[PDB]
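Below you will find one chain, with nothing else, as structure tokens; this is the form whose entry title says "closed state", and questions on how it binds or moves follow later.
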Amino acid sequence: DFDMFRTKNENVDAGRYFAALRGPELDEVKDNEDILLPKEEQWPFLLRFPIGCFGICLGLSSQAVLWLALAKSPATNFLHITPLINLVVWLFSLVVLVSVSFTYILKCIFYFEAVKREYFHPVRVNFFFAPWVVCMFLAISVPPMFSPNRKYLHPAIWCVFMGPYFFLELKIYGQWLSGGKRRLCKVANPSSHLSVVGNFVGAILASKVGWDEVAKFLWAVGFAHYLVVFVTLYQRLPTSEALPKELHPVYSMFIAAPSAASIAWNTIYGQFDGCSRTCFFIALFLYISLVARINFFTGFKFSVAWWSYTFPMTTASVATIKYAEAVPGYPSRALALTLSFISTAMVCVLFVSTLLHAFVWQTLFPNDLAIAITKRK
């Protein structure tokens, strides 16, 4: 009954995924579709654990970077924040990463057919890049107590975390520019921004190890693929529910890239110039359009994907503290504090609601029917 997904269902085209699945994330089966697995009896645990549980790590590792700059930035020195907030968040986020990583490796050893189904899913494919972006955020945020009294980190740290990321993006980018079944015009969705943001995060790590020329190379590659993905989202593409007819929290993924580019540019050249200010000012316009409404707060439903919509907001807050240093004053101090407060509050709500579902309602790991769709209809 469950032996088809066990380790030893051919690769289904992305068109079938868009035709049989509905929703902003393609995680629900339509009403005329038949699945290959039972719909009522509980499934094995390792078959209902999605690849999207790595988004919790992205939401906690990005909050450690923010609180290290708050307690050390010259623009925030009027308040006195203890350095122990970064220590606690940095240790807590590391524990969660190890638990999520160890559980997914077990699934690959026992259920490898289900892992291949998620790889070919047009939306879930971008979450195979997130395991390495969480490790780069944790390395540019190490608590001073644990850091050696040296100016630079060992270059071997950059090679171990940016190696697999570069290998994966070499294959994916080649497919985009070709005329195959998996070209950008056939798969491009709002979540396709996770395969670009990792170029700018790795540029910061390269500078911190003493390799400035390598950082410049990674900035140029991330810049060429963000404009292709940014202009491609305004054209006519496959019809589906991956593009909500109204403004919906999924559009926050368009802010991560510009904010990280501004932060990465200021670290390579030492100053917040006309390039970082343009990157920072593009991401700030998008922040207002998505957050300056009243339905953004009134309409809020819990989901595991919510953990992936908060990390692009905590990154825009890190770039606002760098901008306040280049332009000292009261207009900039208030802007930095306002964005930081909103991001932290959004993460506190998700923390409480996640525990209530797990140990008070027991509805956090339902069956994953989106991976049992038929290949032919």
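So that there is no doubt, residue numbering starts at 1 and follows the sequence shown. Rigid core: the largest C-alpha set superposing within 1.5 Å between the two forms.
If I compare the deposited sequence with the modelled residues, how many are absent between residue 8 and residue 9: none, 1 to 3, 4 to 9, or 10 or more?
Per the record, 10 or more deposited residues are absent between residue 8 and residue 9.
Below: the form whose entry title says "open state", not depicted.
Please name the one residue from 227, 109, 292, 156 with a C-alpha displacement of 2 Å or more between the shown form and the other one, using the rigid core for the superposition.
If I go through the list carefully, the shifting residue is 292.
Is the shift of residue 277 between the shown form and the other one large enough to count as movement, that is, does its C-alpha move by 2 Å or more after the core is superposed?
No.
Determine, after fitting the two forms on their core, whether residue 207 shows a C-alpha shift of 2 Å or more between the shown form and the other one.
Shift at residue 207: below 2 Å after core fit.
Is residue 244 among the residues whose Cα moves by 2 Å or more between the shown form and the other one after superposition of the rigid core?
Yes, its C-alpha moves 2 Å or more.
Just to spell it out: taking the C-alpha atom of residue 245 and the C-alpha atom of residue 129, is that distance smaller or larger in the other form than in the structure shown here, given it changes by 3 Å or more?
Relative to the displayed form, residue 245 and residue 129 draw closer in the other form - a change of at least 3 Å between their C-alphas.
Flagged pair residue 343/residue 293: C-alpha distance shifts by 3 angstroms or more in the other form. Which direction, closer or farther?
Relative to the displayed form, residue 343 and residue 293 move farther apart in the other form - a change of at least 3 Å between their C-alphas.
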